[PDB]
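> This is the structure I have questions about; it appears just below.
Every read-out reported here was derived from the displayed coordinates using simple, explicitly stated rules and does not represent laboratory data. FYI the Cβ positions are ideal-geometry reconstructions off the backbone, even for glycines, and counts take in every protein chain you see.
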RNA sequence: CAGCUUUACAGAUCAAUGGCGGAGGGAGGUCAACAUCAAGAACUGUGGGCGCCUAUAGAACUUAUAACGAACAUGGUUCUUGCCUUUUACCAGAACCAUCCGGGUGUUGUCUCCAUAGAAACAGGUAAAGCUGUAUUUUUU
Ligand SMILES: Nc1nc2c(ncn2[C@@H]2O[C@H](COP(=O)(O)OP(=O)(O)OP(=O)(O)O)[C@@H](O)[C@H]2O)c(=O)[nH]1
C-alpha cells in the first residue's frame, strides 16, 4: 500500500484516444511537444493540467463525484500526500497527452506542471530545461507579479516558446464583478505588462499566444478557437483570419457590416468586448441567474448546444461549469495556440546549445539524453530524462555523467583535442509520466521526456546519459551543464539525528532528498552535523516532512533556521603580509560588476574592461571562480614557478569555499 | 521577396525582349514584348513572333496571349 | 473542411507514398501539407512508369498534379475520425 | 488561402519539373498563393540557357525538386 | 411582500416546504431542489446565523488541521483551544552541543504561531502532526448599497448582416443576478440549490461562530467558553467514530 | 453483387467500394471518409491496373484518393 | 429557397429490409425485506491467453484539507495523567476496540394516488422539428 501515491496497477484510466497511436507518434520528432507549464503560486497551472487530463481520458478513478460536478478542483498532478494535504504543487508530476489542434490532426504533448511557489523554483527551472514551449499561466487578479517577470526572464535565457495563459477570468467576472469593458481594460493592461517584461516578441490574443482561461470553471480559450466554434456560421471562409485579427486591438463594430478603427458614438464597446467578453459575461450571468428553460433555448439557438435533463437540476457553480464546457469545447484551442507558438523548431538547437555548448549535430551516431531530475514518482525511484537524440531502448547498457562531472569532462575533451568509460547503468523499465500512472514503454525517442528506472543510482542531480559506438562519436558529443536552479538556496537548517544509532539511515534519507529535491545543498560538516541549505521556509518544511516521514521515518533534531553567511571585505588590504610553514591581497569588486557576474584570455580582458574599466595587466593575469583571483606581481612574467597556476588555483578554491 | 505580379509590372515598365512557352504544347513558342497587365497572368504582347522549337522564324502580328495557356515568362 | 486533407496533415512525419498524373511514384517522410494538397517530402525515392528508381533529398509536390497519397496503416486506428 | 511555405527553399537552386516531361532550373527568388514561381534563369533539360530572370506559372508545375539541400 | 416575496408562504410551516411540490422529493421529504430567488431570499433572511467569512484564507491557524498540529505540539494558538500534550515533555537535553544558546542566533523569536504553520520545520521532534494549507488571497467585493457591477473599492488601470453572440439579449446583467453572484461565493449551506435533508439535530448554527476567530472586546468568560467549544469540536473531529 | 438502394454517397460510408480513375486504374477499398470535392479516404486499398490483357494487382493500404482523377464509384461489397 | 433523417397523415401491391416487440404503466409513501457501502485509489464480471497478462466491457453510492454525517454522543479494555485517597461516579490524553443517533445507493416487495395502447416505417407528397449550402492556375467547367 502507500500514503504518498500513484496508481500501482494496470487498471489505469482508459483514454479517449488509443495509447498505441500516441506511442507511434512519439516515435517521430516534430510531432512531440514538451510543454512544461509554469506560473506563480495558485495561478491554476495544475488545474489546467487536470482539465487537460480529463479531456484526454474516459473515466478516471480518482475523480470523485464532487470534482466531476465542478465543486472541488481535481488537482490531478499533485499526487503526493504532502502536495495534496498542503495544497501546493511541489514536484514535477506532468503528463503525456495526445492533444488535437484546430486542424483536427493530433500530436503527443509532454506537459510538466511545475510548482508555482517561489521556493520550489528549482522545480520550475527543471521544467523549463525539459520543456521546449512553456505555458506561463498568470492569475488575472494578481496580474504580472515580479515572480511572473522573473519566470519570463528565465524562459528568455533558456530558449523557449512562451505561450501565455491568462487564468482565472472567473475572478474578474464574478469575484471582482468588473464590468465587461473594465475587464477588457484589465486584460489589455496585463498584456502590456507581459510585453514590457518580454524583450521583443509581441503577445496578444490575436496570433494565439495569450490564452484566456478559467480552470476552476473549466474552460480555456484563445480568440481563434472561439471564432472557429462560433463565427463560422455567419462569416465566410475568406475573412475569418481577418476577423480574428480585427477582434482585439481597439476596433469597433459601428453597428454596421464592416469594422472601423475610430471610436463610434452609438455603440459602446470594442470588438473583443462585443464579440467575446460580453458573450462570456452573458453566459455567466444567465447560468447563475436566468430562468433555466430560457437559457436552454438560447444554448440551442446561439451556441447550438443542448443541456441534459440531469444537467438542468445541477447546483449553480457546477451548472455554470457544465455550460462553459458545452460552449468552449474540450480544450483544443490551448493546444492549437501552443502549436502556433512552437511552429519554430529552429529554437530547439539554440536551447540545446544553451544547455550544453555550441554543438555540432550527430544524431545517427549515438543516443543521448538529459537526465533532468530524479523522482520518486510511484514510490520507487524513476528518473525524468529527456532523450534529445537517438532512441533509448529497455535493457540498454548506457553511459551516464552527473553534471558535477560535466565541466571537468569538457576540459578533458579540450585537452585531448583509450576508452575511459567511467560509470554506466542498465535501463530497467521506461515509462511515461502520465500524472498518477506510469504507462510503461520499451523505447523512448528524440525530443521527448520519460521516466527511466535504472539511471538514478549513478548520479546525484541532473545527469547526461548516452550510448556511443565510436571514438569520433565520443569526441563529437557534449555534456549538459548543471541546471541553474534560478532560486539560489540560503535557508540553512542544521540537523542531527536524535538517535545516533541510526546515522546510516539519516545519511540515506539525506541522499534521497538530494536526489529528489534538486534545489538542496547538503553539506556534511566536520562536527557530525548535517546541514541542509534549502530554498525557503515552506520548501524546507516539505523536505523535512519527506525525510522525517517518507525517506527515513526517524526522530531528528533541527536547529533554528539560519542562513549561509558569506565573508567579504569593505576596504582594500593595507598590510603586505606573507605566509610560511605566499602573500595575497584583498579588495572588493565593483557592485555592478558583481551583479553582472551573478547573472580566451584577450576576450576575458576585453570583457573586464567593458565591465569596470580596469587595467589591462590585471585582466591578463585574472583567472576566477565561484570570487576573483589575479596573479599580478613583478617577477611572475620572468618566473616559471608562478607559471602553471591551475594547481595553485585549486588551493584558492578551498579558501573560497571555507573562509576565515 | 519579389512577387510574380511585381515582376510582371517591372517587365512591363522595361519593355524588354520576352520569350513565352505554351502550355501542353512543346513544339511552338512565342517571342515578343509585354505591353499589358491583368489580375491573372493574361497580358497583351505587341511585336510577337512565333518560333518552332529545335527538337529560324515565322510571321506573326500583335497578340494578346491568354493567361490559362502560359508556361514561361522572362525579361 | 476536407477530411482527406486532414488525414494527410495528420500523416505528417510518416513514410507516405505519392503517385502523380504522370505516373511517377514517390515514397518518403512527409514534411508539410496545406488545404490544397501541397505536399513536401524528405529522403525520398522516385520511380517512373518504366521502373527505374531515382533517389532525391527534398521534393515539393502540387496537389493538382498528385493522383493519390498512400499513408501507413497506423492512422486507420485514430483519431481525427471519431 | 494559405501561402505556400517555401521559405526553406528561398535563394536555393531548384529543379522545377514542369508539364509535358519538361524541366527548368534556377535559384529561387519569390512566390505567391497561386504557386507562380519567380526564379533566376538557367538551362532547360545536352543543355542550353534562356533568359536572365524567369517567372513560372503555377498550373504548369508538376514538381520542384531541391538541388541544394 | 417586496423583499421576502417567495419564501413567506411556506417559510413557517411544520414541513418547511409543502408536500406534493416540485421543490422537494415529496412527502418523504428526503431531497430538495430550489429555484434561485427563493434561495436568495433565504440567504438574506439568514444573515444573522450564517454570518460566515466567504474568504477561505481567513481560517489561517484556525483549521482543524492546525488545531490538531497544536494539540500534537502542545502549542496553543492563543485564540484557539489547548489540550493535554500527546507526549510527555522529556526534558533530557543534557546541555548538548545542539540547540544550545552558545550556538544559535535569536533574530527571530520563533513564535508558536509559526510552529503550527510549518510544523516539520520550526518544531523539532514533531509527532502525529498533520500538514496544513497555504493559500491564495480573496478579492471578492459585494455591493451593500443596491448597485450593479462597479469598480468601487479598487483603482482603475493606467491606460456582413450579423451581430455578436447572444444578440437580442438586450441586457447583460439580469435583475436576479446580483443575488445569484452573492450566493455563488457564499459557503456550503447556500452555495448550492439542491440538497439532501439533514435532521434538525444534524444542523449546527452555533458551530460556525465558535469555529471563527472570536469577535474582539468580549469578556474573558465568553472567550473561555469559545475555547471550550472549539476543544469539544476538535476532539470530535479528531477521533472519527 | 448485392447492395441496398442508397440515396447519397455519405449514407454508404464504410462499404467496400470499387473506384474507377481517368488513367485506367481501378482502386478497390472501404470508404473511410469523403469530401466536398469528392476526395476519398480508402481503408485497405488495392489498385487494379489493366495494361494493353489481364488485371495486374497492387496492394496499398490506407490511401487518400483525389477527386479530380476519379471517374466513378461502384459498390463492390458491404461492410466488415 | 434546395438535401437527408424523424414524428403528425391518407389509401395503397405490400415483398424487401430495418428498427419499438415475447410488445401492458407512471408518480410517489417520515413503508418494508435483502445486498452493499474504508480498500493495493482501492470496483465488478466475460471469455480468451494460459494464480496472473490481452481484449471486452461495464460502474449505482461514497471520498482528498480525505470520507457513508459538511453531524457528533456513550461505552469496554490497557498505559499514562488529575481531583484524590476506598469504590463507583469522575479529570484528560493515548492506543486499540465496540455501542449507539443517523445516512445513503442498488434490487425486490409491498401501500397510496392517477391512468389503459398491441403494432407503426416503404413509392414519394402535405406539415413540423434536427444539421449543411450560398465557370478565368490546386479538385466540378
Ligand atoms: N476563481 C478561480 N479559482 C481557481 C481557478 N482555477 C483554480 N482556482 C482555485 O485556486 C487555486 C488554484 O488552483 P491550483 O491548481 O491548486 O493551483 P496550482 O496551479 O496548483 O498552483 P501551484 O500549486 O503553485 O502549482 C485552487 O484553490 C483552485 O480551487 C479559476 O479559474 N478561478
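> Considering the zone a paramagnetic label at residue F:10 would reach in this model (a point 7 Å from Cα along the Cα-to-Cβ line), which residues of the stretch C:1-33 have amide N under 16 Å from it?
Taking a point 7 Å out along Cα→Cβ of residue F:10, the residues of the stretch C:1-33 whose backbone N falls under 16 Å are C:1-4.
> Going by Cα centres, the stretch E:164-241 and the stretch A:581-624 are how many Å apart?
Comparing the Cα centres of the stretch E:164-241 and the stretch A:581-624, I get a distance of 64 Å.
> Further, regarding this structure: Using 7 Å Cα-to-Cβ label points, what is the residue A:18/residue A:584 separation (nm, one decimal)?
6.7
> Further question on the same structure: Can you give the average number of partner chain beta-carbon atoms within 10 Å of each beta-carbon in peptide A:204-215, as a whole number?
Mean partner shielding for this stretch: 0.
> Please arrange E:170, C:10, A:83, F:76 by how many other C-beta atoms lie within 10 Å of their C-beta, fewest to most. Let's see the in-between values first.
Values: E:170 6, C:10 25, A:83 21, F:76 16.
In increasing order of surrounding Cβ atoms, one gets E:170, F:76, A:83, C:10.
> Take the Cβ-Cβ distance between residue A:72 and residue A:354 as r, set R0 to 45 Å, and report the resulting FRET efficiency rounded to the nearest 0.05. Let's see the in-between values first.
Working: r = 40 Å, r/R0 = 0.89.
Efficiency, from the Cβ-Cβ distance: 0.65.
> Ranked highest first by the average count of other Cβ atoms within 10 Å around their residues, in what order do A:118-126, A:63-71, A:167-175, A:464-472 fall?
Peptide ranking by packing, descending: A:118-126, A:167-175, A:464-472, A:63-71.
> Can I ask one more? Students often check this: by mean Cβ neighbours within 10 Å, which of F:38-45, E:91-98 ranks highest, and how do the rest follow?
Per-residue mean Cβ counts within 10 Å order the peptides as F:38-45, E:91-98.
> Residues of the stretch A:341-385 with backbone nitrogen within less than 15 Å of a virtual label 7 Å along the Cα-to-Cβ line of residue A:443, please, listed as ranges.
A:364, A:367-368
> So for the pair residue A:568, residue E:239, with labels modelled 7 Å out along Cα→Cβ, what separation do we get in nm?
5.8
> Using Cβ contacts closer than 10 Å as the measure, can you line up A:117, A:415 from fewest to most?
A:415, A:117
> Can you classify the protein assembly as shown as rounded, prolate or oblate using the Cα gyration tensor, where a ≥ b ≥ c are the square roots of its eigenvalues, rounded means a/c under 1.5, and otherwise it's prolate if a/b beats b/c and oblate if not? Spell out each step's value before the answer.
Details: a/c = 1.99, a/b = 1.28, b/c = 1.56.
In terms of gyration-tensor shape, oblate.
> Okay, next question. Would you mind pulling out the separation of the Cα centroids of chain B and the stretch A:122-187, in Å?
Cα centres, chain B to the stretch A:122-187: 57 Å.
> Summarise the partner chain shielding of A:310-317 as one whole number: the mean count of Cβ atoms from other chains within 10 Å of each residue's Cβ. Don't skip to the answer; put the middle values down first.
Values: counts 0, 0, 1, 3, 4, 7, 10, 6.
Mean partner shielding for this stretch: 4.
> Would you mind giving the mean number of other chain beta-carbons within 10 Å of the Cβ of each residue in E:173-182, as a whole number? Working shown, then result.
On the way: counts 10, 8, 1, 5, 7, 4, 2, 10, 8, 1.
Counting other chains' Cβ atoms within 10 Å and averaging over E:173-182 gives 6.
> Round to a whole angstrom and tell me the spacing of the C-alpha centers of the stretch E:35-101 and the stretch A:365-432.
48
> What order do you get for E:145, A:293 when you list them from fewest to most C-beta neighbours inside 10 Å?
E:145, A:293
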